[PDB]
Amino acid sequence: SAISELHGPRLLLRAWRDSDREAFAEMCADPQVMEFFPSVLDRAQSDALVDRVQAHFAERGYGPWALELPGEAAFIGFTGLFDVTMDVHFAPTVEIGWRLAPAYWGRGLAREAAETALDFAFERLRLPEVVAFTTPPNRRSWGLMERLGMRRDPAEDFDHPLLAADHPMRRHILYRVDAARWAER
């Protein structure tokens, strides 16, 4: 396979390692990290998530990269691209998502990771568009989407189809950025 690593000024976006699973599990168990998600995850659930990531990298050659901070930390979380195949109005497409350990918030690291992942999406993969979705309360998350230059149509708000019809977290907002908008920043 030989999954290609992506480099920013500060960040290394790399394939996941066994050593990552411990660090990622405490992130998944952190109520500040998982605040706008349905719940925190146990070790088994966190490992399942990593298995899905590795399987995504095996099939597609890209995925949510593990974020390394050379000269500081081996693992501060993930940022990158996931294929959207679920039954939503904007499928099929590619989504960008991110999760940082709280110690690394407020540093522009999610921004830098996301810019590196989108550079890849538009320059190497040459995708027409990348989406991002989150819940309205998760201001840190859609705050990053709009600072990245992604734009929301409130009319494109949707109920996540892999949650229950009456799930309290069901309502998601959609941000989009196309090759043209990304190149124009």
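The numbering used is simple: start at 1 and walk along the sequence shown. By rigid core we mean the largest C-alpha set that fits within 1.5 Å across both forms.
Rigid core fits of the other structures in 4 other deposited structures of this protein place the C-alpha atoms of one stretch farther away on average; of 153-161 and 33-41, that stretch is 33-41. Farther from the shown form on average, by C-alpha root mean square after a core fit in 4 other deposited structures of this protein, is 24-32, of the stretches 121-129 and 24-32. For the pair 38-46 and 130-138, the record assigns the higher mean C-alpha temperature factor to 38-46. Averaged over their C-alpha atoms, the temperature factors of 60-68 and 152-160 are higher for 152-160. Across the options 145, 27, 53, 121, the residue with the most elevated CA B-factor in the record is 27. Listed residues 167, 176, 10, 14 were ranked by CA B-factor as deposited; 167 comes out on top. In the PDB entry, a CA B factor belonging to the highest third of its chain's modelled residues is recorded for residue 87.
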